[PDB]
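*Asks:* Structure in structure tokens, see below.
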Amino acid sequence: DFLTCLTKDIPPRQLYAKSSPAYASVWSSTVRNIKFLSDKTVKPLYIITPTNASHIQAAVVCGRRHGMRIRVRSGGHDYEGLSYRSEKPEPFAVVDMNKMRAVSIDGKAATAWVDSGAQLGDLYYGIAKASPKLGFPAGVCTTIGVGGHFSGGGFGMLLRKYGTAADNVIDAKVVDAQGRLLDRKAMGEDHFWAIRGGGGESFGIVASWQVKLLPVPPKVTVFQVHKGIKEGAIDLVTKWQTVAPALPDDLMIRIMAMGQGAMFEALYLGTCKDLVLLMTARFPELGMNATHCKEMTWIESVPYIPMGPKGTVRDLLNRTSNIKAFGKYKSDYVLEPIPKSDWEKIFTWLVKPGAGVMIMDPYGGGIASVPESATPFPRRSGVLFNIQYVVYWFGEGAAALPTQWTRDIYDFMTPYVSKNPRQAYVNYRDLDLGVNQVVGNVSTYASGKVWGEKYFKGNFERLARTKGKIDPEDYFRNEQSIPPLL
Ligand SMILES: *Cc1cc2c(nc3c(=O)[nH]c(=O)nc-3n2C[C@H](O)[C@H](O)[C@H](O)COP(=O)(O)OP(=O)(O)OC[C@H]2O[C@@H](n3cnc4c(N)ncnc43)[C@H](O)[C@@H]2O)c(*)c1C
Ligand SMILES: *[C@@H]1O[C@H](CO)[C@@H](O[C@@H]2O[C@H](CO)[C@@H](O)[C@H](O)[C@H]2NC(C)=O)[C@H](O)[C@H]1NC(C)=O
Ligand SMILES: *[C@@H]1O[C@H](CO)[C@@H](O)[C@H](O)[C@H]1NC(C)=O
């Protein structure tokens, strides 16, 4: 009934049922967190790969009529895999946006219409091909789909200069609960506000986003400084807490703390000549000099940050991630500096069996210039840095220890991080923060508030009221979707 309704508008070769020969290949292709590549995983009954907006509209209308819910997938980077799976058995279809990957740049306006199914690498390469002096402030990882990324805000190495990806969105085309294709002018100001940081799924299927391409100099500078415990790593991380968020908006210094060492990784929007003087005046303790400097163009810095010197600009078009593993992730936000003595205690947790990495990104600058209520992303002024706890493993048999570590370090970090509410990042999805409760075919406000306030703070109420206007029947839902407030 649902399938026959789809064939009226969507070609059968773009439709995959569980019995289709290409089903397994199409489902598994973008499942990034391998712990979900199991038989226990609740898989969709149907997979739809649209190539036009009318196909998405048809899918929604067909879904309403035949009682089939839709979970949309772009790059599939969802940490908890909510774009391709369900926690409990329920009938659903997946709208896979991967074939809608157009990046159309308006050369004379420096704007771009980017499809949700395009990965960040497609966007980055597209901008580079059109101009050597233009860039865009999105994530580090090349395989992230624009759809889920922008929906949750999205940040990377350019956050201190230009904010989030969503801060630079000027228009968008969304398919709502009624199957209407709406732009900014047509969806209203609340609906447009909601998709710019309010998380994916909840407010409909965003087909494409119009973004503002921003300037970057012809040469940028990258440095990677590794520091062990005996070289003063604990002292350097302590000082960094106040120095990094206060540095000029052209400089971003991120930390990757693993085991016994702390890697200071940076991207400076300028040359080595100007960077050395800046570092010796603001953070001399790091021992940074011109030997650490790697000068290159902006586009060349994109594969350099996660793939090393081996990565090329052409590698950005590869749709397979360089990370092929089972993972558990959690996030925190620090508002007050953590004392040296306590950083010593945090570092002992990194040599514990099953330990992962702590990735720390400094805020301040351009990200902190936007008011807390301007976009649904509330981590602006007052935030010093974001912390991401990441663990990787092999096989479901070695899952017990690294999973326990993430929860263990999180419990320990409680007095040092943000409180009332304990702020978390939506794109760093964590179901341990709570899931929705469904009473009367609708997700409840009270259950949504638990995790909601963590991700969105005071912006949760407006997000819930907006959901009440667009989708009161709660058609677009998952375990962590915005509940309707009437
Ligand atoms: C795996 C991975 C994730 C990363 C990485 N690096 C990041 C970084 O440097 N900065 C960040 O800010 N975030 C980083 N993330 C985290 C997140 O996983 C991503 O930021 C995105 O959430 C992933 O988006 P996408 O790849 O599109 O994932 P999906 O699983 O397809 O979707 C997530 C989510 O949103 C909904 N959704 C998808 N597409 C749409 C559209 N078009 N409209 C509405 N809603 C959409 C899904 O249903 C789901 O709920 C680095 C790595 C390696
Ligand atoms: C691709 O999708 C677009 C958008 O749905 C289709 O164009 C719309 O068609 C409907 C009727 O089906 C009209 O009411 C709208 O006015 C059209 N919108 C615009 C601005 O084009 C388009 O026909 C589809 N193309 C194909 C080949 O299916
Ligand atoms: C520059 O830093 C390097 C660290 O790799 C160090 O070996 C070198 O001595 C420094 N330059 C000076 C001042 O000699």
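Residue names in the structure tokens use chain letters A, B, ... in the order shown, residue numbers from 1 in each chain, and ligand numbers from 1 in the order shown.
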Please identify all protein, DNA and RNA residues within 12 Å of ligand 3, counting only C-alpha atoms and all ligand atoms, and report them as number ranges by chain.
*Replies:* A: 223-227, 231, 276, 280, 284-293
*Asks:* Check every protein, DNA and RNA residue against ligand 2, keep those with an atom at most 8 Å away (counting only C-alpha atoms and all ligand atoms), and present them as a list in words.
*Replies:*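 So, counting only C-alpha atoms and all ligand atoms, the residues near ligand 2 are residues 9, 52, 53, 54, 55, 57 and 181 of chain A.
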*Asks:* Write out, as a short mmCIF file (atom, residue, chain, number, x, y, z; two decimals), in the first residue's frame, the residues just selected, with N, CA and C atoms.
*Replies:*
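Ended up saving to again-v7.cif:
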data_model
loop_
_atom_site.label_atom_id
_atom_site.label_comp_id
_atom_site.auth_asym_id
_atom_site.auth_seq_id
_atom_site.Cartn_x
_atom_site.Cartn_y
_atom_site.Cartn_z
N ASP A 9 5.04 8.42 -8.00
CA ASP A 9 5.91 9.58 -8.17
C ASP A 9 7.41 9.28 -8.18
N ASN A 52 14.89 14.26 -6.45
CA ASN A 52 14.10 15.47 -6.64
C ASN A 52 13.30 15.72 -5.36
N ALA A 53 12.92 16.98 -5.13
CA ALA A 53 12.15 17.37 -3.94
C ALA A 53 10.75 16.77 -3.93
N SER A 54 10.21 16.52 -5.13
CA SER A 54 8.87 15.93 -5.29
C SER A 54 8.80 14.50 -4.75
N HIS A 55 9.94 13.81 -4.75
CA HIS A 55 10.05 12.43 -4.27
C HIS A 55 9.98 12.39 -2.75
N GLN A 57 8.47 14.81 -0.99
CA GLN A 57 7.09 15.25 -0.74
C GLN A 57 6.12 14.09 -0.86
N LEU A 181 6.70 22.00 0.15
CA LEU A 181 8.10 22.42 -0.04
C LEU A 181 8.13 23.91 0.27
#
*Asks:* May I have the residues within 6 Å of ligand 1, computed using only C-alpha atoms and all ligand atoms, as a count of residues only?
*Replies:* 33
*Asks:* Quick one: everything within 12 Å of residue 163 (chain A), counting only C-alpha atoms, minus sequence neighbours fewer than 2 positions away in the same chain. Send it as a PDB file with N, CA and C atoms, in the first residue's frame.
*Replies:*
ATOM      1  N   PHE A 136      34.341  27.843   4.349  1.00  0.00           N
ATOM      2  CA  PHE A 136      33.096  27.660   5.099  1.00  0.00           C
ATOM      3  C   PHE A 136      33.342  26.993   6.463  1.00  0.00           C
ATOM      4  N   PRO A 137      32.789  27.578   7.550  1.00  0.00           N
ATOM      5  CA  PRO A 137      32.943  27.061   8.915  1.00  0.00           C
ATOM      6  C   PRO A 137      32.096  25.852   9.338  1.00  0.00           C
ATOM      7  N   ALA A 138      32.505  24.661   8.918  1.00  0.00           N
ATOM      8  CA  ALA A 138      31.789  23.445   9.293  1.00  0.00           C
ATOM      9  C   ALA A 138      32.749  22.479   9.984  1.00  0.00           C
ATOM     10  N   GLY A 139      32.321  21.224  10.147  1.00  0.00           N
ATOM     11  CA  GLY A 139      33.118  20.198  10.804  1.00  0.00           C
ATOM     12  C   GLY A 139      34.423  19.763  10.160  1.00  0.00           C
ATOM     13  N   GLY A 153      23.720  22.527  14.264  1.00  0.00           N
ATOM     14  CA  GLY A 153      24.652  23.628  14.449  1.00  0.00           C
ATOM     15  C   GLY A 153      25.886  23.410  13.597  1.00  0.00           C
ATOM     16  N   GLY A 154      26.781  22.538  14.066  1.00  0.00           N
ATOM     17  CA  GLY A 154      28.000  22.204  13.343  1.00  0.00           C
ATOM     18  C   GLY A 154      29.206  23.104  13.535  1.00  0.00           C
ATOM     19  N   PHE A 155      30.270  22.603  14.170  1.00  0.00           N
ATOM     20  CA  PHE A 155      31.488  23.403  14.369  1.00  0.00           C
ATOM     21  C   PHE A 155      32.798  22.711  14.018  1.00  0.00           C
ATOM     22  N   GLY A 156      33.806  23.516  13.694  1.00  0.00           N
ATOM     23  CA  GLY A 156      35.115  22.991  13.344  1.00  0.00           C
ATOM     24  C   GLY A 156      36.230  23.980  13.612  1.00  0.00           C
ATOM     25  N   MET A 157      37.330  23.827  12.877  1.00  0.00           N
ATOM     26  CA  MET A 157      38.521  24.666  13.012  1.00  0.00           C
ATOM     27  C   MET A 157      38.369  26.182  12.776  1.00  0.00           C
ATOM     28  N   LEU A 158      37.222  26.597  12.235  1.00  0.00           N
ATOM     29  CA  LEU A 158      36.938  28.008  11.965  1.00  0.00           C
ATOM     30  C   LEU A 158      35.874  28.627  12.879  1.00  0.00           C
ATOM     31  N   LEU A 159      35.472  27.897  13.925  1.00  0.00           N
ATOM     32  CA  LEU A 159      34.441  28.353  14.866  1.00  0.00           C
ATOM     33  C   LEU A 159      34.701  29.700  15.562  1.00  0.00           C
ATOM     34  N   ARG A 160      35.963  29.964  15.909  1.00  0.00           N
ATOM     35  CA  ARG A 160      36.360  31.196  16.595  1.00  0.00           C
ATOM     36  C   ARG A 160      36.311  32.423  15.682  1.00  0.00           C
ATOM     37  N   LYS A 161      36.364  32.182  14.374  1.00  0.00           N
ATOM     38  CA  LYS A 161      36.303  33.259  13.398  1.00  0.00           C
ATOM     39  C   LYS A 161      34.876  33.517  12.907  1.00  0.00           C
ATOM     40  N   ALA A 165      28.141  26.358  11.536  1.00  0.00           N
ATOM     41  CA  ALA A 165      27.727  26.231  10.140  1.00  0.00           C
ATOM     42  C   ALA A 165      26.351  26.869   9.980  1.00  0.00           C
ATOM     43  N   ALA A 166      25.501  26.611  10.975  1.00  0.00           N
ATOM     44  CA  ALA A 166      24.134  27.122  11.027  1.00  0.00           C
ATOM     45  C   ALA A 166      24.034  28.643  11.183  1.00  0.00           C
ATOM     46  N   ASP A 167      25.080  29.266  11.732  1.00  0.00           N
ATOM     47  CA  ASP A 167      25.138  30.725  11.899  1.00  0.00           C
ATOM     48  C   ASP A 167      25.290  31.414  10.539  1.00  0.00           C
ATOM     49  N   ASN A 168      25.729  30.633   9.555  1.00  0.00           N
ATOM     50  CA  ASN A 168      25.969  31.116   8.202  1.00  0.00           C
ATOM     51  C   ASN A 168      24.970  30.652   7.140  1.00  0.00           C
ATOM     52  N   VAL A 169      23.809  30.185   7.595  1.00  0.00           N
ATOM     53  CA  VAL A 169      22.729  29.738   6.717  1.00  0.00           C
ATOM     54  C   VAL A 169      21.772  30.926   6.529  1.00  0.00           C
ATOM     55  N   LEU A 214      32.460  32.415   3.197  1.00  0.00           N
ATOM     56  CA  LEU A 214      33.272  33.413   3.865  1.00  0.00           C
ATOM     57  C   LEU A 214      34.733  33.471   3.462  1.00  0.00           C
ATOM     58  N   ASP A 249      40.599  36.090  16.936  1.00  0.00           N
ATOM     59  CA  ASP A 249      39.679  35.220  16.216  1.00  0.00           C
ATOM     60  C   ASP A 249      40.265  34.430  15.042  1.00  0.00           C
ATOM     61  N   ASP A 250      41.469  34.811  14.614  1.00  0.00           N
ATOM     62  CA  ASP A 250      42.181  34.130  13.526  1.00  0.00           C
ATOM     63  C   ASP A 250      42.874  32.826  13.977  1.00  0.00           C
ATOM     64  N   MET A 252      42.884  29.251  16.339  1.00  0.00           N
ATOM     65  CA  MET A 252      42.156  28.172  16.989  1.00  0.00           C
ATOM     66  C   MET A 252      43.162  27.092  17.401  1.00  0.00           C
ATOM     67  N   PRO A 362      38.304  25.053  21.928  1.00  0.00           N
ATOM     68  CA  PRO A 362      38.085  26.343  22.584  1.00  0.00           C
ATOM     69  C   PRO A 362      37.026  27.200  21.897  1.00  0.00           C
ATOM     70  N   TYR A 363      36.234  27.887  22.712  1.00  0.00           N
ATOM     71  CA  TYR A 363      35.198  28.765  22.205  1.00  0.00           C
ATOM     72  C   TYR A 363      35.657  30.225  22.228  1.00  0.00           C
ATOM     73  N   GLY A 364      34.761  31.163  22.540  1.00  0.00           N
ATOM     74  CA  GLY A 364      35.124  32.575  22.529  1.00  0.00           C
ATOM     75  C   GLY A 364      35.148  33.070  21.085  1.00  0.00           C
ATOM     76  N   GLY A 365      35.522  34.329  20.869  1.00  0.00           N
ATOM     77  CA  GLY A 365      35.575  34.871  19.514  1.00  0.00           C
ATOM     78  C   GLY A 365      34.223  34.990  18.825  1.00  0.00           C
ATOM     79  N   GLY A 366      34.178  34.623  17.543  1.00  0.00           N
ATOM     80  CA  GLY A 366      32.960  34.702  16.739  1.00  0.00           C
ATOM     81  C   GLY A 366      31.780  33.814  17.121  1.00  0.00           C
ATOM     82  N   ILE A 367      32.052  32.717  17.825  1.00  0.00           N
ATOM     83  CA  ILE A 367      31.008  31.792  18.256  1.00  0.00           C
ATOM     84  C   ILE A 367      30.260  32.403  19.451  1.00  0.00           C
ATOM     85  N   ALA A 368      30.991  33.162  20.268  1.00  0.00           N
ATOM     86  CA  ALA A 368      30.453  33.811  21.468  1.00  0.00           C
ATOM     87  C   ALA A 368      29.816  35.185  21.229  1.00  0.00           C
ATOM     88  N   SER A 369      29.771  35.610  19.967  1.00  0.00           N
ATOM     89  CA  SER A 369      29.198  36.904  19.585  1.00  0.00           C
ATOM     90  C   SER A 369      27.704  36.844  19.308  1.00  0.00           C
ATOM     91  N   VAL A 370      27.200  35.637  19.106  1.00  0.00           N
ATOM     92  CA  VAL A 370      25.787  35.411  18.816  1.00  0.00           C
ATOM     93  C   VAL A 370      25.039  35.229  20.154  1.00  0.00           C
ATOM     94  N   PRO A 371      23.883  35.919  20.360  1.00  0.00           N
ATOM     95  CA  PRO A 371      23.137  35.759  21.617  1.00  0.00           C
ATOM     96  C   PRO A 371      22.634  34.321  21.745  1.00  0.00           C
ATOM     97  N   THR A 375      19.866  31.442  17.740  1.00  0.00           N
ATOM     98  CA  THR A 375      19.779  30.143  17.051  1.00  0.00           C
ATOM     99  C   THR A 375      19.505  29.156  18.217  1.00  0.00           C
ATOM    100  N   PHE A 377      21.200  26.744  19.169  1.00  0.00           N
ATOM    101  CA  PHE A 377      22.531  26.396  19.701  1.00  0.00           C
ATOM    102  C   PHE A 377      22.767  27.434  20.829  1.00  0.00           C
ATOM    103  N   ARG A 379      25.299  27.351  23.392  1.00  0.00           N
ATOM    104  CA  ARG A 379      26.648  27.445  23.945  1.00  0.00           C
ATOM    105  C   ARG A 379      27.453  28.543  23.300  1.00  0.00           C
ATOM    106  N   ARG A 380      27.198  29.751  23.790  1.00  0.00           N
ATOM    107  CA  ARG A 380      27.818  30.960  23.285  1.00  0.00           C
ATOM    108  C   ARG A 380      28.719  31.620  24.337  1.00  0.00           C
ATOM    109  N   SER A 381      28.348  32.824  24.781  1.00  0.00           N
ATOM    110  CA  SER A 381      29.096  33.606  25.777  1.00  0.00           C
ATOM    111  C   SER A 381      29.237  32.901  27.124  1.00  0.00           C
TER     112      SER A 381
END
*Asks:* Enumerate the residues of region 262-415 of chain A with a DSSP assignment of helix (DSSP H, G or I), computed from the backbone, and present them as a PyMOL selection string.
*Replies:* chain A and resi 272-282+284-286+298-307+313-317+340-346+349-351+365-367+396-398+400-412
*Asks:* So that I can see what lies close to residue 238 (chain A), please list as a PyMOL selection string the residues with an atom at most 10 Å from it, counting only C-alpha atoms and leaving out residues fewer than 5 positions away in the same chain.
*Replies:* chain A and resi 233+243+337-343
*Asks:* Can I get the selection written as a short mmCIF file (atom, residue, chain, number, x, y, z; two decimals), in the first residue's frame, with N, CA and C atoms?
*Replies:*
data_model
loop_
_atom_site.label_atom_id
_atom_site.label_comp_id
_atom_site.auth_asym_id
_atom_site.auth_seq_id
_atom_site.Cartn_x
_atom_site.Cartn_y
_atom_site.Cartn_z
N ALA A 233 52.79 18.95 30.33
CA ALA A 233 51.46 18.85 29.71
C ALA A 233 50.28 19.28 30.58
N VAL A 243 43.79 31.09 27.94
CA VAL A 243 44.51 31.68 26.81
C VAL A 243 43.82 31.47 25.47
N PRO A 337 37.49 27.71 34.84
CA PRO A 337 38.73 26.93 34.64
C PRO A 337 38.92 25.86 35.71
N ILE A 338 39.36 24.68 35.28
CA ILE A 338 39.62 23.54 36.17
C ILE A 338 41.05 23.72 36.73
N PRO A 339 41.23 23.66 38.08
CA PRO A 339 42.56 23.82 38.70
C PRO A 339 43.58 22.75 38.28
N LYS A 340 44.87 23.08 38.40
CA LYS A 340 45.99 22.19 38.05
C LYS A 340 45.91 20.83 38.74
N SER A 341 45.61 20.87 40.04
CA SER A 341 45.48 19.68 40.90
C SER A 341 44.41 18.70 40.43
N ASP A 342 43.33 19.24 39.87
CA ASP A 342 42.22 18.45 39.38
C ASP A 342 42.50 17.89 37.99
N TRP A 343 43.35 18.58 37.23
CA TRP A 343 43.74 18.14 35.89
C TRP A 343 44.65 16.93 36.01
#
*Asks:* Could you check the closest approach to residue 67 (chain A) for each of A:460, A:471, A:103, A:441 and tell me which residue wins, using only C-alpha atoms?
*Replies:* A:441
*Asks:* Might you pull out every residue within 8 Å of region 314-323 of chain A, with only C-alpha atoms counted and same-chain residues fewer than 6 positions away left off, and present them as a PyMOL selection string?
*Replies:* chain A and resi 30+32+119-122+124-125+142-143+303+307
*Asks:* Could the residues in this selection be written to a file with C-alpha atoms, as a JSON list (two decimals), in the first residue's frame?
*Replies:*
[["chain", "number", "residue", "atom", "x", "y", "z"],
["A", 30, "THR", "CA", 26.59, 5.00, 5.46],
["A", 32, "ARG", "CA", 29.33, 4.92, 10.44],
["A", 119, "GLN", "CA", 29.09, 15.47, 2.51],
["A", 120, "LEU", "CA", 31.32, 18.20, 3.95],
["A", 121, "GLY", "CA", 34.06, 17.12, 1.58],
["A", 122, "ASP", "CA", 31.83, 17.81, -1.46],
["A", 124, "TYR", "CA", 34.74, 22.05, 0.72],
["A", 125, "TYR", "CA", 36.02, 20.85, -2.69],
["A", 142, "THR", "CA", 34.96, 14.90, 5.56],
["A", 143, "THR", "CA", 32.14, 12.32, 5.41],
["A", 303, "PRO", "CA", 42.44, 16.89, 4.69],
["A", 307, "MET", "CA", 44.22, 12.44, 7.51]]
*Asks:* Which of region 123-257 of chain A end up as strand (DSSP E or B) when DSSP is run on this backbone - answer as a tab-separated table (two decimals) with N, CA and C atoms, in the first residue's frame?
*Replies:*
chain	number	residue	atom	x	y	z
A	134	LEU	N	37.95	31.61	-0.64
A	134	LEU	CA	36.68	31.37	0.03
A	134	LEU	C	36.69	30.07	0.83
A	135	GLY	N	35.98	30.09	1.95
A	135	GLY	CA	35.87	28.93	2.82
A	135	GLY	C	34.52	28.85	3.49
A	145	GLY	N	27.34	14.34	6.65
A	145	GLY	CA	26.31	14.83	5.76
A	145	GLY	C	25.89	16.21	6.23
A	169	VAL	N	23.81	30.19	7.59
A	169	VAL	CA	22.73	29.74	6.72
A	169	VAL	C	21.77	30.93	6.53
A	170	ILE	N	21.52	31.28	5.27
A	170	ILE	CA	20.65	32.42	4.94
A	170	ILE	C	19.25	32.07	4.39
A	171	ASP	N	19.08	30.83	3.91
A	171	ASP	CA	17.81	30.32	3.38
A	171	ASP	C	17.90	28.79	3.38
A	172	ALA	N	16.75	28.13	3.25
A	172	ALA	CA	16.67	26.67	3.22
A	172	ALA	C	15.35	26.23	2.61
A	173	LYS	N	15.34	25.02	2.06
A	173	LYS	CA	14.15	24.42	1.46
A	173	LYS	C	13.81	23.17	2.26
A	174	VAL	N	12.65	23.21	2.93
A	174	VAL	CA	12.18	22.11	3.79
A	174	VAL	C	10.84	21.52	3.34
A	175	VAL	N	10.70	20.22	3.57
A	175	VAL	CA	9.47	19.48	3.28
A	175	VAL	C	8.88	19.22	4.68
A	181	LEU	N	6.70	22.00	0.15
A	181	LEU	CA	8.10	22.42	-0.04
A	181	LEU	C	8.13	23.91	0.27
A	182	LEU	N	8.71	24.24	1.42
A	182	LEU	CA	8.79	25.61	1.91
A	182	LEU	C	10.20	26.19	2.00
A	205	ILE	N	12.07	17.35	6.71
A	205	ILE	CA	13.21	16.98	5.89
A	205	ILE	C	13.73	18.22	5.17
A	206	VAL	N	14.94	18.66	5.51
A	206	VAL	CA	15.53	19.81	4.84
A	206	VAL	C	16.17	19.26	3.57
A	207	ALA	N	15.73	19.76	2.41
A	207	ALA	CA	16.25	19.31	1.12
A	207	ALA	C	17.59	19.96	0.81
A	208	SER	N	17.65	21.28	0.93
A	208	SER	CA	18.87	22.03	0.66
A	208	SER	C	19.00	23.28	1.52
A	209	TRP	N	20.23	23.75	1.66
A	209	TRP	CA	20.56	24.92	2.48
A	209	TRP	C	21.29	25.98	1.67
A	210	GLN	N	20.92	27.24	1.84
A	210	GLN	CA	21.65	28.33	1.17
A	210	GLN	C	22.55	28.91	2.24
A	211	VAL	N	23.84	28.90	1.95
A	211	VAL	CA	24.85	29.39	2.86
A	211	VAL	C	25.67	30.55	2.32
A	212	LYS	N	26.30	31.29	3.23
A	212	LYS	CA	27.16	32.41	2.89
A	212	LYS	C	28.61	31.92	2.96
A	214	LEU	N	32.46	32.42	3.20
A	214	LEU	CA	33.27	33.41	3.86
A	214	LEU	C	34.73	33.47	3.46
A	215	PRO	N	35.35	34.68	3.51
A	215	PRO	CA	36.77	34.78	3.12
A	215	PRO	C	37.79	34.15	4.07
A	220	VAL	N	47.39	29.72	5.00
A	220	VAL	CA	47.03	29.49	6.40
A	220	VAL	C	48.17	28.71	7.04
A	221	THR	N	48.21	28.69	8.37
A	221	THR	CA	49.26	27.97	9.09
A	221	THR	C	48.71	26.96	10.08
A	222	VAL	N	49.28	25.76	10.01
A	222	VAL	CA	48.93	24.63	10.87
A	222	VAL	C	50.15	24.20	11.70
A	223	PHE	N	49.91	23.82	12.95
A	223	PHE	CA	50.96	23.27	13.81
A	223	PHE	C	50.40	22.18	14.72
A	224	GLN	N	51.22	21.16	14.98
A	224	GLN	CA	50.87	20.02	15.83
A	224	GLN	C	52.02	19.82	16.82
A	225	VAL	N	51.78	20.21	18.07
A	225	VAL	CA	52.78	20.11	19.13
A	225	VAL	C	52.35	19.03	20.13
A	226	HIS	N	53.16	17.97	20.24
A	226	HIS	CA	52.92	16.86	21.16
A	226	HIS	C	53.70	17.14	22.44
A	227	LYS	N	53.04	16.96	23.59
A	227	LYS	CA	53.65	17.20	24.90
A	227	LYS	C	53.29	16.10	25.90
A	228	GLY	N	54.32	15.46	26.48
A	228	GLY	CA	54.12	14.42	27.48
A	228	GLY	C	54.02	15.03	28.88
A	251	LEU	N	43.00	32.63	15.29
A	251	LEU	CA	43.68	31.47	15.85
A	251	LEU	C	42.81	30.53	16.70
A	252	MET	N	42.88	29.25	16.34
A	252	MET	CA	42.16	28.17	16.99
A	252	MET	C	43.16	27.09	17.40
A	253	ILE	N	43.27	26.82	18.70
A	253	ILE	CA	44.17	25.77	19.22
A	253	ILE	C	43.34	24.72	19.97
A	254	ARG	N	43.20	23.54	19.37
A	254	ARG	CA	42.44	22.44	19.96
A	254	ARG	C	43.37	21.41	20.62
A	255	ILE	N	42.88	20.75	21.68
A	255	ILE	CA	43.66	19.70	22.37
A	255	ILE	C	43.04	18.33	22.17
A	256	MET	N	43.92	17.34	21.98
A	256	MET	CA	43.56	15.94	21.85
A	256	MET	C	44.42	15.26	22.91
A	257	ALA	N	43.81	15.01	24.07
A	257	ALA	CA	44.48	14.37	25.19
A	257	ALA	C	44.30	12.86	25.16
